[PDB]
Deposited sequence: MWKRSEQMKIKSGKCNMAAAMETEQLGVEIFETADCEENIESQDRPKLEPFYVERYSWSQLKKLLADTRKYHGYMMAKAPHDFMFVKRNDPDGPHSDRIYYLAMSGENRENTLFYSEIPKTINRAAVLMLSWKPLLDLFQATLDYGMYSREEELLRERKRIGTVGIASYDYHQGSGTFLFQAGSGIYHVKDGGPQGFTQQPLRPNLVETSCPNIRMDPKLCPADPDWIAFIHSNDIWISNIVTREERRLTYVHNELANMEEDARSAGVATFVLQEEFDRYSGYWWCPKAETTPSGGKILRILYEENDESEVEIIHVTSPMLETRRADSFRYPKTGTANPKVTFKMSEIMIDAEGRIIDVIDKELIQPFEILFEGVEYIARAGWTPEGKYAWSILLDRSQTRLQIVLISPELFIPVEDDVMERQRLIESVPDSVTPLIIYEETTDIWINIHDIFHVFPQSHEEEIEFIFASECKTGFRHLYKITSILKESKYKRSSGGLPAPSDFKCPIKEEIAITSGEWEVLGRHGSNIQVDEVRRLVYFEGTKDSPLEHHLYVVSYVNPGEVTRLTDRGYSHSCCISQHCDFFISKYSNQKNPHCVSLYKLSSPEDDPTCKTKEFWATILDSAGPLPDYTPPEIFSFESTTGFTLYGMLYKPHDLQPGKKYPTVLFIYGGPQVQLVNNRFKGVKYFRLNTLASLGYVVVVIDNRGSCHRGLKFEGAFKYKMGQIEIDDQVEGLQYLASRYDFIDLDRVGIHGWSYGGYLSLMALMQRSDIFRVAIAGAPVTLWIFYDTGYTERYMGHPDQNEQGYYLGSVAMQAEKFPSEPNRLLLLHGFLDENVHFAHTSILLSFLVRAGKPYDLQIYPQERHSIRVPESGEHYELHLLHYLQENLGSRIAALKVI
């Protein structure tokens, strides 16, 4: 077996090769189905959606017409009608009025379509909402009880504005923009850094869905909101976008072990008169402190209202993220904010002791709670019950849907006597807990995956891995008599689905390893003898695939039975034009951290197109989902709890050796490893731990030191740093710099200079320690499109010079 050496191109030649082979658009999303209700017309529904019609183009609202019937000989390809005349990330909509509300650039706008006004046959010039406010407005939302009112955030405070009367009003006075950020570290209605970055919650205020009627023929609107105080949170400096303006932007980063923000709930209570004028605005706070009522709660993971507006709800986590509580909060728990201590005591006495927080569900785990967007609340039939669907990995170690009924008891605790409540004083007895689904597979509830409930047929639609861990599929099952789980999506593809609100259609964005992404509309229907049985039928195409592009050769998914007692899956890019009796240099691409799966049956020729490019130059490319990876259940994921950096490279090496024994073209002498973020971290660990296996390591934005990363992430997987002193040490490459090679041309560090999730300090502290330890490195910095081209060029060239070509074999 002779060594194959890659063609040694020049820098300018490699730039040309990358430029030629380079030459995507946001696929249709945020679907909404509106009925036409037109007996004489040919269309049943209009679908509205956000999309990008070309690659240059900006993201905007489109519509398409769903016909009542189709020619089943042909394939109907739906046309994209523009709804409007900068760019839109999301949109709100009120059904009854047909009002869209959306931000585009700095402006907030509104149009109407598909309400009583009817259905336009051409673009709509939208109406700009007026404002006195000097700064950018964020997070606009229509009031569900009155589409004339909207809310939004300006300078970390909540405002409301009437789109008819033009009345604007600031609701919270929590942030003063002109003062310094040391004293004023407060905010209302905005989610803090950790909650956005690590729990995917972006909004921090919620309209009450219904309005209460006043005595004099007006109404009361309500906004539940989160108020944060980040005064005790660590302040860190990262260099500003403008390098000519030599300064640093301050922001609050709760690093692991330190304080999270000081959180609490609030309610704005807005009295409006008979003709839409604001009478009064009472701001209201909890009767007792957040720490007392919600003992142990550190993070407000999720929050909203019940469909009737009766209770606000919230899904709450402790600091270790091992205990989740779903908690109903009455509006009567809130009293007006009064600085006068005598008048404050009055208002506490006026509230009954019966009014109390209601923990309607609690769960625990020795691993961790993964937060998700599934939580469906049924309408309240009985007065002292709440019925709902939730998902959990805590029973079986796999995420499944459960139908739960809780009893809303009077609390044992009484506030009159004025003590502190015990841990379980607000817990509700669980009357029923039916498991809707079960097995060695999971229901999906993140990154857009959720459920749709058909209350009439008493069915729930959900996405899952039942058929395979490498394919997402749409399923349906009864929540009343749960049994047979009907699949609705076709095997051989992975699907991301959106079910119509009327449960009579669904859209699926699907692909597989060979075929690019497509979006198609499927009609749901039942046989006459049984509404429980659900069948699907292709209706029309919304987006066609480009068709497998000859320049891109896809990988083969493989798998091996690991000594760890798990099947591990991988992707293998065999080199283009294999020579018999030769062995090629192998580049292992890695991520390997939690909340990610790189190996699955989806089209990888957009995101990971440049893996195919490495294979065209003569490299073998391997990707392996090690233990900790997503979509295999909680026990699989928990493998590295307290032990980050200590099991991942075993699984990689094991898979790399499995491939080697079966394919003689893999040259274990010339193996490189490369990844970004956790992949960059593991790449450093690979070179540190296994010099023998890995010749080169390219680390991108690597986490080098876990005490520098945030609370929400790090404490979930590694606990508090006091209770895992060794794991934090052994898991931190910056404090083991002595273990790196004394040879140069084996370590490449890549970092963005301004990156604020994985800070540059991770790289700069490593560099400092490598210099202390007399170790070599190579460094590329990317301050501030053009730099991604530079990155790909440098990486191809670095692999060429130090792994692929004959010059690399000489160099040693």
For this session: Would you list the gaps, meaning deposited-sequence stretches without C-alpha coordinates, in the order they occur?
Result: 1-47, 71-75, 138-163, 863-869, 898
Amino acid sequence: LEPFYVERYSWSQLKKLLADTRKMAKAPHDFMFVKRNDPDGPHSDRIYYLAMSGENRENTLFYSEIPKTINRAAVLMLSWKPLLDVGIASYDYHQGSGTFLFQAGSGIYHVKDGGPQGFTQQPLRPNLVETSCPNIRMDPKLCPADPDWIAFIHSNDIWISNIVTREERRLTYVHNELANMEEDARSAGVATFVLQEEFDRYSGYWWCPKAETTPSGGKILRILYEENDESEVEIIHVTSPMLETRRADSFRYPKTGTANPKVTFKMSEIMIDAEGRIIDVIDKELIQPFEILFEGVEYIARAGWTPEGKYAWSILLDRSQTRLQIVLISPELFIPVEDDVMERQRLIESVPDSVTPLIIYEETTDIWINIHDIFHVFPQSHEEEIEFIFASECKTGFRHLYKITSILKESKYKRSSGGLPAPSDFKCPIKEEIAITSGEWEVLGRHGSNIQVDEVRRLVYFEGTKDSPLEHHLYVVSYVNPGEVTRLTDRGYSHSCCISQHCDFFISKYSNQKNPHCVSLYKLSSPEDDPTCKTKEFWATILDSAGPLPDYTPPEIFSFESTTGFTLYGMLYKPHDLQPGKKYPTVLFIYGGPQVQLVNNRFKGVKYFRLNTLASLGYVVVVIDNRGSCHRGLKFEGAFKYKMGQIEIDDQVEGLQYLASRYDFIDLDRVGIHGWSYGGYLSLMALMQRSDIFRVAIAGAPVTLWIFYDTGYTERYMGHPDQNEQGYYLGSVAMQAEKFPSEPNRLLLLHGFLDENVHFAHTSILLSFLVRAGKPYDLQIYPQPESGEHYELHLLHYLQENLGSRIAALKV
From here on, numbers count along this sequence of modelled residues.
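Superpose the two forms; the largest set of C-alphas matching within 1.5 Å is the rigid core.
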Problem set entry | RMS CA shift, core-fitted in 8 other deposited structures of this protein, bigger for 453-461 or for 122-130 | 122-130
Exercise. Fit on the core, then compare CA atoms: does 737-745 or 337-345 lie farther from this form in 8 other deposited structures of this protein?
Worked result: 337-345
Problem set entry | Check: residue 54 without coordinates in a third or more of other entries | yes
Exercise. Do the C-alpha atoms of 410-418 or of 127-135 have the higher average B factor in the entry?
Worked result: 410-418
For this session: Decide which of the stretches 267-275 and 190-198 has the higher mean C-alpha B-factor, going by the entry.
Result: 267-275
Exercise. Between 104, 74, 101, 499, where does the Cα B-factor run highest in the record?
Worked result: 74
Exercise. Say you rank 508, 626, 494, 424 by Cα B-factor from the PDB entry; which sits at the top?
Worked result: 424
For this session: Ordered by C-alpha B-factor within the chain, which third holds residue 42? Give me lowest, middle or highest, please.
Result: middle
For this session: Would you mind checking where the Cα B-factor of residue 449 ranks among the modelled residues of its chain, as the lowest, middle or highest third?
Result: lowest
Exercise. Based on the entry's values, in what third of the chain does the Cα temperature factor of residue 178 lie: lowest, middle or highest?
Worked result: highest
Exercise. What third of its chain's C-alpha B-factors does residue 82 belong to: lowest, middle or highest?
Worked result: lowest
Problem set entry | Ranked against its chain, the third holding the CA B-factor of residue 33 | lowest
